[PDB]
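Peer 1: I have a structure I would like to understand better, so I am pasting it below and will then ask my questions one at a time.
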Amino acid sequence: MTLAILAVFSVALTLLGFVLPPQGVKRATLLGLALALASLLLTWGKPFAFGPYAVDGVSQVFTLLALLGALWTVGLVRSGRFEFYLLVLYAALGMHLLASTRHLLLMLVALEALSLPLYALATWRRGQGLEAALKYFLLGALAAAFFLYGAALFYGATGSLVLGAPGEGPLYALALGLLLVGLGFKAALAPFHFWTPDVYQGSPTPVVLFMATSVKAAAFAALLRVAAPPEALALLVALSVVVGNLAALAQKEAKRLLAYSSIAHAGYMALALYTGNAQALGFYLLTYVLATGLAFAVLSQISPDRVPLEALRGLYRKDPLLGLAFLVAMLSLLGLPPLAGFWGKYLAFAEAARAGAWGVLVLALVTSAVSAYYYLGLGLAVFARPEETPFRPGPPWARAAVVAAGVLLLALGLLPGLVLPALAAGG
Amino acid sequence: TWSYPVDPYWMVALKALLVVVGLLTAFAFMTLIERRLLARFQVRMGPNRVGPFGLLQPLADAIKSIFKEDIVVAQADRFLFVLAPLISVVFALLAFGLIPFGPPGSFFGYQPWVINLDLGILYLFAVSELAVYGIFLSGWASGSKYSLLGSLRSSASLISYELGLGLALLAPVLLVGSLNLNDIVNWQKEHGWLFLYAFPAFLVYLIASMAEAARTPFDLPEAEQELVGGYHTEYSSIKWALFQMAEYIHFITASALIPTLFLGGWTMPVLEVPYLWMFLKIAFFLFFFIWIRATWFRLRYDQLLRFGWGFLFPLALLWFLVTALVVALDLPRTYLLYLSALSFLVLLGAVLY
Amino acid sequence: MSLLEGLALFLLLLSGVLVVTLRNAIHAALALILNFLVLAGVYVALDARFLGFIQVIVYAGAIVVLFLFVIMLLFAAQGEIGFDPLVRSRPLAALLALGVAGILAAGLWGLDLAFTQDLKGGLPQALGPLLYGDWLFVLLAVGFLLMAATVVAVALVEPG
Amino acid sequence: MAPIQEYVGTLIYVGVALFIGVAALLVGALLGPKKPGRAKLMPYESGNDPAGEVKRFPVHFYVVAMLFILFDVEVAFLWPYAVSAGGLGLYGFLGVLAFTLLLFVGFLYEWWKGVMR
Amino acid sequence: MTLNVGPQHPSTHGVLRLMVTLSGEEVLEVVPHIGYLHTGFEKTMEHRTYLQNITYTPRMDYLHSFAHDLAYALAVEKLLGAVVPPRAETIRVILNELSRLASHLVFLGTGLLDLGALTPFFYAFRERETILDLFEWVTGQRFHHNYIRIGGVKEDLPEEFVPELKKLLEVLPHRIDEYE
Amino acid sequence: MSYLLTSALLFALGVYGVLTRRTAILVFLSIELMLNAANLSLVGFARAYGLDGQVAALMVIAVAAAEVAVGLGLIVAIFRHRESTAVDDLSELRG
Amino acid sequence: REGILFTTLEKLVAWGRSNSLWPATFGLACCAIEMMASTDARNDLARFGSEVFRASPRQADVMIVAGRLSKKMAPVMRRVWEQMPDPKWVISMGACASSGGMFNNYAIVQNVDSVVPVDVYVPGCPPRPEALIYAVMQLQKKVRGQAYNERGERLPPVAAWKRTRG
Ligand SMILES: CCCCCCCCCCC1=C(C)C(=O)C(OC)=C(OC)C1=O
Ligand code: SF4
């Protein structure tokens, strides 16, 4: 019964942007996303199913994450073009529809409906942004072709297009692989990750925030529904984490390195797919969403266009609260106690070990230890001597948001026993 | 095709050839009659010459068009230039057999039609798109950007109103419930003269029917009088003849389709003769359209697109939603009689201020 | 059946060869339109009739028309410009292409199925009740996708 | 349903018509003076450069055609609703109603933004 | 589109050459090119008798020619101090304004025809023919009539002319009202 | 089955298109070829498993149309001012 | 193949061409208004076969040269005559076209026969429209091979067949 509000506000603001200034359109978009969030809350553990549209714990949590990211990224952009926000609602709804169904075709429709406005919103006119959008677009359409051939061979392997069907042998495995190709591409799993670095470097910083949170959230919400076999899962995880972190070492730019860190984190998240707990993965993604939203909110306060690594140094001296929150986020992405990122890490690894895949887990853990190099080179430089650096010291909105995100990360590092019960169907 | 029989293959092919030669003769004589009607409109007179009554002019024209140096222009694409007229002619000739001229067996034994496909309007819609295909493909093929501009205008305008055609033609299918035209005709026999119910949509159809080269969008464009149109300005002997022939064929095709769908396809309430009344309504639409050929100016396709987009197609979709509302609630059909009568009275009475 | 079906498949295959081969955007587009015509023929052969005629109506009539318009407005006829050839990519991708064929061939061979069901022809008459009903939600989603795509393209140009 | 042989007949129709069409071209080809010269092949209008070399022509045609593809998709959706309407009752209609609004909004959108572009 | 709207094509009445610098459906800038009809009146008139020059003057503006012949007549009369009888003057203004209506008739015909509807070219021209007959009645020529003279006019109007002119003057107002 | 193997071959051909083609617009053409071959396979299995794949293929065609509209808008936007659409000339962003 | 050398076919095809003459006007000057009048609502060239009037040169056989031919305009006319389908005839309308007329000077070509093969001349200033009708009758009965000059000769039906074009 949230889709009602989403459709209403989307359609209304669509036309209203003609009569109303974009600022009022932004106010209405924020109110609409907040009301969708409230509707999600009041439906906590109250599944609502009309067609293949099925509201369950997975959809609930993951779409809540996407909503938080959307609210946050709308907070920053002051554009006098209301379109730059309308797509948000659109994009938001798309990702929601990605999570709330098991149907492959409607999943594809949701994929395109959320991905197109992403392709468009990366256009600040900046030349590199257009190259990024074009590369992302071509690879996305190729992945949609792969996923569609997977859906076709699925409908061949079973009379329905809903996951969980009995499933045949080699044909069903072939369909599973064809689906996993596109879904991992969308989720930044290797060797389907190439798009993410280019896209994150070219795209404007707040858009990269929205993507790296909500896109990955909804993508994994969809991925969990697949009957993903252990072997392909292991290969994707191994290659993803290895390539992501190793190549991340050499990066001199903040946003690109965050892209590689997000590839490695996709590798980490892909473990829970062994058992598909989706509760532990829910918590993992909550921690990651908080951390990345915070970090990219900081990056947006500094530079929407581009932020090199050295620019972030000395950030503490300007604002202590922001420097502390950024260091906390660095650890949360490293997965260090007593921070909730470590809770998500441990949860995913428990779900993996229960499935009995060991050597992949060993490689993943060694690579996560390797990651400390750049996690520190970003976390620790916070205190170093600031060189010449553009700084625009934000509004109070973003300050309070960053502080809340850091406090929530430290709290759920200390007290995860609050939310974790209410990440299943509502236990 | 629930209730309609099927003829042998050989008779199908021979009927095809017969309809081809009949369209040859018919469009030639209608070129004559357009010449004469245009002349009669402007108090000047037609060719009282090489006839006796003028009915030998098309033969002279056909003899001239051949031997007329069918030329392959250099700096123009070799193959597409040849191919395009064939496209425009073939896809214009076909998709006319579907139109029934009578009840089954009224062909002196077998069948008025050629084929009676279950999905008629979709086939017609496809070939309507493919005619413009041939036109502007020829426009490009000539390799003169002069003709390129004309082919672009052609495709843009004709395709816009080709869209509007669907939003118009929805309603009668809602009422009949079949996509075979003969069922629609029998529907028009029992309940009667579909257009009485669907006047507004019919209007946006008629205007849409003007777009398919008939005249007055008149930014078709013609080579004469403006930026020269496509599909000519480079064709000499047979291909230009083929283009204009196909244009006239689609002209009479639309002039025959408009009565069949909305008005009284032959199926007369009175005197019920198979062919003659259909041919009479065809000639009526031809005369009205030639009246238009003579009487009115151009549109420049900018205001034309503004008109079709803002005025025709919303009206068509509105009427379609009204009709679908009625059929879903099905309470009477009379509400449409009432609303259509009022719509016609309104669209007329606003003139007489 | 098989007699003409083989010929239709060979026409489809050759049309694909050209639509991936021909360097002239117009030649390619025309090969694609012939492909869609043959494809609608195949659809009709496969007891799904409405879909083939929509394929000719929409794709041929509407879209590849627009592609033609773009390649005529944007000359681009000799696509092989700005090479950066990477000649190694020519055979290699082909092998990968060959790869992506064999696996799929491997995926589907030795598979025989129930190719007999009483669809009673894929007329829109029988397609409606599924479409509006069980499938209505997908339809609303598609409509919303189209609304978003319109707004996207508009804001995509929107010169100021 | 409806018999398949009628569709087969449709193909035969083209086979004959196209053939006569090609025959016409052949006739036109054979009967001709065929005196090729440089000036006869010239594109147009007195010496060279009818249009010449300029920047790309207006994308407005692209706008119209994209509009057309989306709205023809709309029409292709509306036909199955057009045929089977009564059996689905008001419920069925309701969907298309909302559906229409969606694309109507699209149209209305492009109306309130306009294309001078 | 560096488009060459050629001389006499496309069907541009008054053969003229235009280099339309143009992208799309607007008009960036039209560079005109003329010289395709220069006949050399202002030169040949240096080699022709004054009386002879009435053979030259009307054939330049062929629509409103008698205004040219009239301007020439008046110029020479002022030059050498000639006196025009009032009857000559009256017939002069009558035939000149009659050719004015002829000019406007063909003007609207060619305007509507060149772009627009073809039918109303005929009716005006139909009326025009009566005008032309009038000239043929008095001058023996359709137009380009060699009638005026430096002193005055060639000869008197024949007996048959005046009723025809009254006929046309009685039918024209309804004709013009129709066109409007 | 011949039809579905043909779908496989056509999908492979469109893949070679996307890998091979230098210009954005022809890549998009190959993308449409791939999606439509997929819809062909959908039609075969819809004949097999009860008619749902037909409405599926219709919706897939609609989706392809929408993303075609947007992708062509983008292809225009990049190379309306810029030189040839050829995609190999875009290398500013490197790993 | 040129439509020649068979007793029946050549007569028949020449008959057809003669009666189907499609004019392509090359409008220059004041003769052209009388040329327009040759189709008006009092004397119409709407019977012999010249009703239809494709101003394009790709769709017409008969070229009516109506007016004074300034020399800058000569090569344009050269190409437009060359830009016709090959069975083409040139009619010289008005005094200015055939000879220099009263404009015997640097501005005008003193004989159109210089650039294009002139078939039929029609004097007058302007020639009455019916003089244009008689001119197209001359050309008509010419292409049938039914034309004799004051020397008595049968004249060849098509000029622009007798020139070593270049
Ligand atoms: C039925 C079509 C008759 C038109 C035939 C003549 C072609 C039009 C161009 C000729 C012309 C010229 C040269 C011309 O100079 C002129 O005066 C400016 C005209 O009309 C006002 C003309 O029509
Ligand atoms: S002959 Fe007389 S009417 Fe003809 S062009 Fe010359 S001056 Fe004009």
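Naming works like this for the structure tokens: A, B, ... for the chains as they're shown, residue 1 at the start of each chain, ligands 1 onward in shown order.
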Dump as CSV the rows for residues of chain B within 12 Å of ligand 1: closest atom pair and distance in Å with one decimal, only C-alpha atoms and all ligand atoms counted, ordered by chain and rising residue number.
Peer 2:
```
residue,atom,partner,partner_atom_place_in_ligand_line,distance
B:38,CA,ligand 1,1 (C),11.9
B:39,CA,ligand 1,1 (C),11.5
B:42,CA,ligand 1,1 (C),11.8
B:224,CA,ligand 1,2 (C),9.6
B:225,CA,ligand 1,8 (C),9.4
```
Peer 1: Would you mind exporting the chosen residues as a compact mmCIF listing (two decimals), in the first residue's frame, restricted to C-alpha atoms?
Peer 2:
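Wrote out38.txt, looks like this:
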```txt
# COMPACT_ATOMS: atom_id res chain seq x y z
CA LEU B 38 -10.14 19.90 -61.58
CA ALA B 39 -10.81 21.56 -64.94
CA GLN B 42 -11.95 26.13 -62.61
CA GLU B 224 5.85 21.33 -57.52
CA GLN B 225 5.30 24.58 -55.66
```
Peer 1: Taking only C-alpha atoms and all ligand atoms into account, report as a PyMOL selection string which residues have an atom no farther than 9 Å from an atom of ligand 2.
Peer 2: (chain E and resi 56+58-60+62+143-144) or (chain G and resi 28-34+66-69+93-98+100-103+123-127)
Peer 1: Kindly provide, as a PyMOL selection string, the residues of chain G having any atom no farther than 6 Å from an atom of chain B, counting only C-alpha atoms.
Peer 2: chain G and resi 16-17+20+41+46-48+58-59+85
Peer 1: Write out, as a CSV table (one decimal), in the first residue's frame, the residues just selected, with N, CA and C atoms.
Peer 2:
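Final output, saved to part.csv:
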```csv
chain,number,residue,atom,x,y,z
G,16,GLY,N,1.9,8.2,-79.4
G,16,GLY,CA,1.8,8.4,-77.9
G,16,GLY,C,2.6,9.6,-77.4
G,17,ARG,N,3.9,9.7,-77.8
G,17,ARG,CA,4.7,10.8,-77.3
G,17,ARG,C,4.1,12.1,-77.7
G,20,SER,N,1.1,13.0,-75.6
G,20,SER,CA,1.4,13.0,-74.2
G,20,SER,C,2.4,14.1,-73.7
G,41,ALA,N,-8.5,30.0,-68.2
G,41,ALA,CA,-9.9,29.7,-68.4
G,41,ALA,C,-10.5,30.3,-69.6
G,46,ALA,N,-5.0,22.4,-72.4
G,46,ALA,CA,-5.5,21.4,-71.5
G,46,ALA,C,-6.2,20.3,-72.3
G,47,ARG,N,-6.0,20.2,-73.6
G,47,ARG,CA,-6.5,19.2,-74.5
G,47,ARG,C,-5.5,18.4,-75.2
G,48,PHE,N,-4.5,19.0,-75.8
G,48,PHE,CA,-3.5,18.3,-76.6
G,48,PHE,C,-2.7,17.3,-75.8
G,58,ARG,N,12.9,16.3,-64.6
G,58,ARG,CA,13.0,14.8,-64.6
G,58,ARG,C,11.7,14.1,-65.0
G,59,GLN,N,10.7,14.9,-65.3
G,59,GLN,CA,9.3,14.4,-65.5
G,59,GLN,C,8.7,15.0,-66.8
G,85,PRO,N,15.0,14.0,-69.4
G,85,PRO,CA,15.1,12.7,-70.0
G,85,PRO,C,15.4,13.0,-71.5
```
Peer 1: Please provide the set of residues having any atom within 12 Å of residue F:48, restricted to only C-alpha atoms, with same-chain residues fewer than 5 positions apart removed, written as a PyMOL selection string.
Peer 2: (chain A and resi 152+155-160) or (chain C and resi 46-48+112-119) or (chain F and resi 1+4+41-43+53-54)
Peer 1: Selected residues, N, CA, C and O atoms, written as an mmCIF file, in the first residue's frame, please.
Peer 2:
```cif
data_model
loop_
_atom_site.group_PDB
_atom_site.id
_atom_site.type_symbol
_atom_site.label_atom_id
_atom_site.label_comp_id
_atom_site.auth_asym_id
_atom_site.auth_seq_id
_atom_site.Cartn_x
_atom_site.Cartn_y
_atom_site.Cartn_z
ATOM 1 N N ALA A 152 14.263 -16.350 -20.665
ATOM 2 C CA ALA A 152 13.698 -17.202 -21.709
ATOM 3 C C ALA A 152 14.030 -18.667 -21.459
ATOM 4 O O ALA A 152 13.148 -19.536 -21.491
ATOM 5 N N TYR A 155 11.896 -19.857 -18.448
ATOM 6 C CA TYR A 155 10.544 -20.222 -18.873
ATOM 7 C C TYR A 155 10.550 -21.506 -19.689
ATOM 8 O O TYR A 155 9.537 -22.211 -19.755
ATOM 9 N N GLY A 156 11.671 -21.811 -20.339
ATOM 10 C CA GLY A 156 11.821 -23.129 -20.930
ATOM 11 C C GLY A 156 11.978 -24.209 -19.874
ATOM 12 O O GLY A 156 11.354 -25.269 -19.951
ATOM 13 N N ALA A 157 12.813 -23.949 -18.867
ATOM 14 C CA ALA A 157 13.093 -24.944 -17.840
ATOM 15 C C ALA A 157 11.948 -25.123 -16.850
ATOM 16 O O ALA A 157 11.924 -26.132 -16.138
ATOM 17 N N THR A 158 11.010 -24.176 -16.772
ATOM 18 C CA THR A 158 9.861 -24.328 -15.887
ATOM 19 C C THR A 158 8.704 -23.477 -16.399
ATOM 20 O O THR A 158 8.906 -22.388 -16.942
ATOM 21 N N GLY A 159 7.485 -23.975 -16.195
ATOM 22 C CA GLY A 159 6.303 -23.334 -16.752
ATOM 23 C C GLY A 159 6.071 -21.910 -16.281
ATOM 24 O O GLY A 159 5.246 -21.209 -16.878
ATOM 25 N N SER A 160 6.777 -21.463 -15.246
ATOM 26 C CA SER A 160 6.612 -20.129 -14.689
ATOM 27 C C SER A 160 7.928 -19.368 -14.797
ATOM 28 O O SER A 160 8.989 -19.951 -15.032
ATOM 29 N N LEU C 46 4.312 -19.809 -35.625
ATOM 30 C CA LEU C 46 4.367 -20.369 -34.279
ATOM 31 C C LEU C 46 3.073 -20.138 -33.494
ATOM 32 O O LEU C 46 3.103 -20.083 -32.254
ATOM 33 N N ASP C 47 1.943 -19.999 -34.196
ATOM 34 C CA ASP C 47 0.603 -19.872 -33.626
ATOM 35 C C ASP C 47 0.417 -18.593 -32.813
ATOM 36 O O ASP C 47 -0.658 -18.360 -32.253
ATOM 37 N N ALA C 48 1.452 -17.760 -32.749
ATOM 38 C CA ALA C 48 1.381 -16.438 -32.126
ATOM 39 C C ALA C 48 1.319 -15.402 -33.245
ATOM 40 O O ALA C 48 2.341 -15.068 -33.850
ATOM 41 N N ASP C 112 13.714 -31.998 -26.102
ATOM 42 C CA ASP C 112 12.473 -32.075 -26.858
ATOM 43 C C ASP C 112 11.317 -31.900 -25.886
ATOM 44 O O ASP C 112 11.348 -32.431 -24.771
ATOM 45 N N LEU C 113 10.300 -31.150 -26.304
ATOM 46 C CA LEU C 113 9.320 -30.638 -25.364
ATOM 47 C C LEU C 113 7.917 -30.747 -25.944
ATOM 48 O O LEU C 113 7.705 -31.249 -27.053
ATOM 49 N N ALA C 114 6.955 -30.273 -25.149
ATOM 50 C CA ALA C 114 5.541 -30.222 -25.509
ATOM 51 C C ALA C 114 5.297 -28.982 -26.360
ATOM 52 O O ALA C 114 4.889 -27.923 -25.875
ATOM 53 N N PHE C 115 5.560 -29.116 -27.659
ATOM 54 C CA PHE C 115 5.319 -28.027 -28.589
ATOM 55 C C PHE C 115 3.893 -28.044 -29.127
ATOM 56 O O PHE C 115 3.631 -27.479 -30.196
ATOM 57 N N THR C 116 2.973 -28.688 -28.409
ATOM 58 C CA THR C 116 1.559 -28.763 -28.773
ATOM 59 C C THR C 116 0.740 -28.282 -27.577
ATOM 60 O O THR C 116 0.580 -29.015 -26.596
ATOM 61 N N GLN C 117 0.229 -27.056 -27.650
ATOM 62 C CA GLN C 117 -0.773 -26.598 -26.701
ATOM 63 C C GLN C 117 -1.824 -25.799 -27.455
ATOM 64 O O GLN C 117 -1.523 -25.129 -28.448
ATOM 65 N N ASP C 118 -3.068 -25.883 -26.979
ATOM 66 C CA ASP C 118 -4.190 -25.251 -27.672
ATOM 67 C C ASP C 118 -4.238 -23.775 -27.291
ATOM 68 O O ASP C 118 -5.056 -23.321 -26.485
ATOM 69 N N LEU C 119 -3.334 -23.012 -27.902
ATOM 70 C CA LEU C 119 -3.370 -21.561 -27.802
ATOM 71 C C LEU C 119 -4.561 -20.979 -28.547
ATOM 72 O O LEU C 119 -5.013 -19.879 -28.209
ATOM 73 N N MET F 1 12.114 -26.745 -32.142
ATOM 74 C CA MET F 1 13.451 -26.609 -31.577
ATOM 75 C C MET F 1 14.361 -25.838 -32.526
ATOM 76 O O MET F 1 15.209 -25.061 -32.086
ATOM 77 N N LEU F 4 14.346 -22.254 -31.689
ATOM 78 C CA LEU F 4 15.094 -21.835 -30.504
ATOM 79 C C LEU F 4 16.602 -21.876 -30.745
ATOM 80 O O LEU F 4 17.337 -21.002 -30.267
ATOM 81 N N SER F 41 12.795 -16.739 -28.730
ATOM 82 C CA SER F 41 12.866 -17.893 -27.830
ATOM 83 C C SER F 41 11.694 -17.893 -26.847
ATOM 84 O O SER F 41 11.117 -18.949 -26.540
ATOM 85 N N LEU F 42 11.347 -16.710 -26.328
ATOM 86 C CA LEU F 42 10.176 -16.572 -25.465
ATOM 87 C C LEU F 42 8.906 -17.052 -26.156
ATOM 88 O O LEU F 42 8.061 -17.693 -25.530
ATOM 89 N N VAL F 43 8.745 -16.736 -27.442
ATOM 90 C CA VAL F 43 7.550 -17.156 -28.172
ATOM 91 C C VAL F 43 7.515 -18.671 -28.313
ATOM 92 O O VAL F 43 6.456 -19.297 -28.176
ATOM 93 N N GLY F 53 4.241 -16.323 -22.120
ATOM 94 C CA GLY F 53 5.392 -15.755 -22.796
ATOM 95 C C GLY F 53 5.044 -14.791 -23.913
ATOM 96 O O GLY F 53 5.883 -13.974 -24.294
ATOM 97 N N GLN F 54 3.820 -14.858 -24.445
ATOM 98 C CA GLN F 54 3.416 -13.914 -25.487
ATOM 99 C C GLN F 54 3.262 -12.498 -24.927
ATOM 100 O O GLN F 54 3.842 -11.540 -25.459
#
```
Peer 1: Any idea what's packed within 9 Å of residue F:12, counting only C-alpha atoms, ignoring anything in its chain fewer than 4 positions away? Could you give it as a list in words?
Peer 2: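 Near neighbours after the sequence-gap exclusion: residues 96, 97, 98, 99, 100, 101 and 104 of chain C; 7, 8, 16, 17 and 34 of chain F.
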Peer 1: Could the residues in this selection be written to a file with N, CA, C and O atoms, as a short mmCIF file (atom, residue, chain, number, x, y, z; two decimals), in the first residue's frame?
Peer 2:
```cif
data_model
loop_
_atom_site.label_atom_id
_atom_site.label_comp_id
_atom_site.auth_asym_id
_atom_site.auth_seq_id
_atom_site.Cartn_x
_atom_site.Cartn_y
_atom_site.Cartn_z
N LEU C 96 34.72 -15.85 -29.02
CA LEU C 96 33.77 -15.65 -27.93
C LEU C 96 32.34 -15.72 -28.46
O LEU C 96 31.48 -16.38 -27.86
N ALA C 97 32.09 -15.10 -29.61
CA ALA C 97 30.80 -15.27 -30.27
C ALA C 97 30.54 -16.74 -30.52
O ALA C 97 29.52 -17.29 -30.08
N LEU C 98 31.50 -17.43 -31.15
CA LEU C 98 31.37 -18.87 -31.31
C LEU C 98 31.15 -19.53 -29.96
O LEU C 98 30.27 -20.38 -29.82
N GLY C 99 31.91 -19.09 -28.95
CA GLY C 99 31.70 -19.62 -27.62
C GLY C 99 30.26 -19.44 -27.19
O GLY C 99 29.56 -20.42 -26.90
N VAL C 100 29.77 -18.20 -27.23
CA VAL C 100 28.42 -17.92 -26.76
C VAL C 100 27.37 -18.62 -27.62
O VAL C 100 26.21 -18.70 -27.22
N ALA C 101 27.77 -19.15 -28.78
CA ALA C 101 26.84 -20.00 -29.51
C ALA C 101 26.88 -21.42 -28.96
O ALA C 101 25.84 -21.95 -28.53
N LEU C 104 25.17 -22.18 -25.64
CA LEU C 104 23.72 -22.15 -25.79
C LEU C 104 23.25 -23.35 -26.60
O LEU C 104 22.27 -24.01 -26.23
N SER F 7 17.25 -18.83 -32.48
CA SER F 7 17.32 -17.74 -31.51
C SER F 7 18.71 -17.68 -30.89
O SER F 7 19.26 -16.59 -30.69
N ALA F 8 19.28 -18.83 -30.56
CA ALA F 8 20.64 -18.87 -30.03
C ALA F 8 21.63 -18.27 -31.01
O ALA F 8 22.48 -17.45 -30.64
N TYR F 16 28.14 -10.56 -31.16
CA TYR F 16 29.28 -10.18 -31.99
C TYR F 16 29.12 -8.77 -32.55
O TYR F 16 30.11 -8.08 -32.77
N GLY F 17 27.88 -8.35 -32.80
CA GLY F 17 27.61 -6.98 -33.18
C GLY F 17 28.07 -6.01 -32.11
O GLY F 17 28.88 -5.11 -32.38
N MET F 34 19.54 -8.61 -30.48
CA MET F 34 19.68 -9.55 -29.38
C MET F 34 18.38 -9.69 -28.60
O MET F 34 17.91 -10.81 -28.34
#
```
Peer 1: Would you give me, as a ChimeraX atom specification, the residues of chain F that come within 10 Å of chain A, using only C-alpha atoms?
Peer 2: /F:4,7-8,11,14-15,18,24,27-28,30-46,48-50,52-53,56-57,59-60,62-64,66-68,70-71,74-75,77-78,87,89-95
Peer 1: Taking only C-alpha atoms into account, find every residue of chain A that has an atom no more than 9 Å from chain C, and write it out as a PyMOL selection string.
Peer 2: chain A and resi 7+14+50-53+81+83-84+86-87+90-91+94+97+105-106+109-110+112-114+116-117+120-121+123+153+170-175
Peer 1: Would you kindly return, as a CSV table (one decimal) with N, CA, C and O atoms, in the first residue's frame, each protein, DNA or RNA residue with an atom no farther than 6 Å from any atom of stretch 77-88 of chain D, considering only C-alpha atoms and excluding same-chain residues fewer than 2 positions away?
Peer 2:
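Saved result, out.csv, follows:
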```csv
chain,number,residue,atom,x,y,z
B,174,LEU,N,-14.1,-2.0,-30.5
B,174,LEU,CA,-14.8,-2.2,-29.3
B,174,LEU,C,-16.3,-2.5,-29.5
B,174,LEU,O,-16.8,-3.5,-28.9
B,177,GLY,N,-16.2,-6.0,-31.8
B,177,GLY,CA,-15.6,-7.2,-31.2
B,177,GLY,C,-14.8,-8.1,-32.1
B,177,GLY,O,-14.6,-9.3,-31.6
B,327,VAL,N,-18.9,0.1,-23.1
B,327,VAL,CA,-18.9,-1.3,-23.4
B,327,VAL,C,-18.7,-2.1,-22.2
B,327,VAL,O,-19.3,-3.2,-21.9
B,328,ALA,N,-17.7,-1.7,-21.3
B,328,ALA,CA,-17.5,-2.4,-20.0
B,328,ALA,C,-18.7,-2.3,-19.2
B,328,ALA,O,-19.1,-3.3,-18.5
C,124,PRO,N,-5.3,-11.2,-30.2
C,124,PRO,CA,-5.4,-10.3,-29.0
C,124,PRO,C,-6.7,-10.6,-28.2
C,124,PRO,O,-6.8,-10.2,-27.0
C,125,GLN,N,-7.7,-11.2,-28.9
C,125,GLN,CA,-8.9,-11.7,-28.2
C,125,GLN,C,-8.6,-12.5,-27.0
C,125,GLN,O,-9.1,-12.3,-25.9
C,128,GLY,N,-6.0,-10.5,-24.3
C,128,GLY,CA,-6.6,-9.5,-23.4
C,128,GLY,C,-6.7,-10.0,-21.9
C,128,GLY,O,-6.2,-9.3,-21.0
D,74,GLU,N,1.6,2.3,-27.2
D,74,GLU,CA,0.4,2.5,-26.5
D,74,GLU,C,-0.8,1.9,-27.3
D,74,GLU,O,-1.7,1.2,-26.7
D,75,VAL,N,-0.9,2.1,-28.6
D,75,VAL,CA,-2.0,1.6,-29.4
D,75,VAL,C,-2.0,0.1,-29.5
D,75,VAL,O,-3.0,-0.5,-29.5
D,92,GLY,N,-11.4,-4.6,-15.6
D,92,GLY,CA,-10.5,-4.5,-16.7
D,92,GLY,C,-10.3,-3.1,-17.2
D,92,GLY,O,-9.1,-2.6,-17.1
```
Peer 1: Report as a VMD selection string the set of chain B residues whose atoms approach chain D to within 8 Å, with distances computed over only C-alpha atoms.
Peer 2: chain B and resid 1 to 2 6 9 12 to 13 16 to 17 20 66 to 71 73 to 75 86 89 to 90 93 to 94 115 to 118 143 to 146 152 156 159 to 160 163 166 to 167 170 to 171 173 to 174 177 to 179 237 to 239 310 321 324 to 325 327 to 330
Peer 1: Residues of chain A within 8 Å of chain D, counting only C-alpha atoms, what are they? List them as a ChimeraX atom specification.
Peer 2: /A:11,14-15,18
Peer 1: Please provide the set of residues having any atom within 12 Å of residue E:162, restricted to only C-alpha atoms, with same-chain residues fewer than 4 positions apart removed, written as a VMD selection string.
Peer 2: chain E and resid 91 94 to 95 134 to 135 137 to 138 156 to 158 166 to 169
Peer 1: Based on only C-alpha atoms, which of the residues in chain F come within 9 Å of chain D? I want them as a ChimeraX atom specification.
Peer 2: /F:58,61-62,65-66,68-69,72-73,76,80
Peer 1: Return as a ChimeraX atom specification the residues belonging to chain G that are within 7 Å of chain D, counting only C-alpha atoms.
Peer 2: /G:1-3,76,79,82-83,86
Peer 1: With C-alpha atoms retained, export the selected residues as a compact mmCIF listing (two decimals), in the first residue's frame.
Peer 2:
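See out-v3.txt below for the written result:
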```txt
# COMPACT_ATOMS: atom_id res chain seq x y z
CA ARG G 1 15.87 0.93 -77.41
CA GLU G 2 14.95 4.34 -78.86
CA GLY G 3 11.59 3.03 -80.08
CA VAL G 76 21.66 27.21 -66.54
CA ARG G 79 22.08 22.08 -67.99
CA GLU G 82 20.65 18.45 -70.37
CA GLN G 83 18.84 17.63 -67.09
CA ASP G 86 16.67 12.24 -73.44
```
